[PDB]
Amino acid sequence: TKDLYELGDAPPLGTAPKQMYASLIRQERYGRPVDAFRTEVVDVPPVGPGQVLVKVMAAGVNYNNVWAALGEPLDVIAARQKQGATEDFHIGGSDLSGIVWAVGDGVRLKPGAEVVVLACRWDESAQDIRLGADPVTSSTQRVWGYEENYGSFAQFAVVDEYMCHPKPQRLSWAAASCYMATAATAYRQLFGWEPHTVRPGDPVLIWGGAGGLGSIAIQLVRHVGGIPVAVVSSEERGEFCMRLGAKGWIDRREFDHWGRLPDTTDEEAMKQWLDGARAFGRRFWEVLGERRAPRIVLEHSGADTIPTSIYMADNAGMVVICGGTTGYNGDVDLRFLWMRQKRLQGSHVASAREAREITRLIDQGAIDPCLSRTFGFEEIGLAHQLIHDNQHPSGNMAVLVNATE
């Protein structure tokens, strides 16, 4: 009926309001994430066919929104405008839990359904998909809430039907909103790239074990009987990894060989580098209690760590990477790679199927979403300021929207 509802409120189920509250970034306030976000009123986008409107109960936090709020080196608002967009703002957020509130044509999902979203859109009619491509790898794939405007930091969100998954009942709205992009991504890294998937007895090296990705990965690895070794930068983060089921941890502050690889011709430099990697390898042996290499290395740290990751992975093993926190130069020593027949695999979010499987595991209580802290809607900036300053807590964080839980 009405055009605008305050946070926590909604029109009659099955109907959409004309407007809504959402947290916007604008070019004029690019900068500190704490200054970048402001709550405004905006029009609610239309609910086209195959789509549904979700009453957003809580939204997750991530790195993407930090870079969006900075503007550098990519003005996402300006980028979209150069692609035909008329918005002079950006609504971020690429995780949510909520309630289907209205649906478009062709949709089978009924108003009232409780859902968690995988923030990936693709064209279900795309030729590569129709010929057997995994949609998240399709040419038409893009991250909702980051590459596309009108993400989850909004009272309502329009999504495609295939993007929805059943909210695990036992979870709070906040916890149900914090895990999907992080957990699903880790799940794909570990179980999505046959034949290099974690098996019982497999040692796994997990960079940033106390982080969002790593928190889920440690659990996933221990769950199927693998042996998780975590990399941390503090004793407390180490203990947290032990809480999650880690065999043990390695403190990266012990080493100084991190970074780009020298010219493989620079013999002196390489030997010096090798000493660093071997020392790291020793620690790994000491944590594991045996002289084995990780069959799989979970990467995302990128430039500083990739050369070590390549060295560490077992013969016929895999380094699988979904990001580049410390930079995008992945320097590979090809001798390690080809002679031992190792795999460096790029990975990015997850498939619908994988989103569903990890949701089931969490629903059943096998995996914990690791909700570390919940923020209010006016604290979206604060929360992203934490990440930016690398002051965020271990695990995953969330933001209440229409919910009180």
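Counting begins at 1, following the sequence as shown.
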Would 350-358 or 32-40 have the larger average of its C-alpha temperature factors, as given in the entry?
32-40
320-328 versus 105-113 - which carries the larger mean C-alpha B factor in the record:
105-113
Residue set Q219, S301, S125, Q81, per-entry CA B-factor max assigned to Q81
Looking only at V66, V54, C370, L344, the Cα with the top B-factor belongs to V66
Among the modelled residues of its chain, does the C-alpha B-factor of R295 lie in the lowest, middle or highest third?
lowest
Using the B-factors in the PDB entry, rank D314's C-alpha atom against the chain and give the third, lowest, middle or highest.
lowest
For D275, the third of its chain into which the C-alpha B factor falls:
middle
Ranked against its chain, the third holding the CA B-factor of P73:
highest
Sorting the chain's modelled residues by C-alpha B-factor and splitting them into thirds places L337 in the lowest
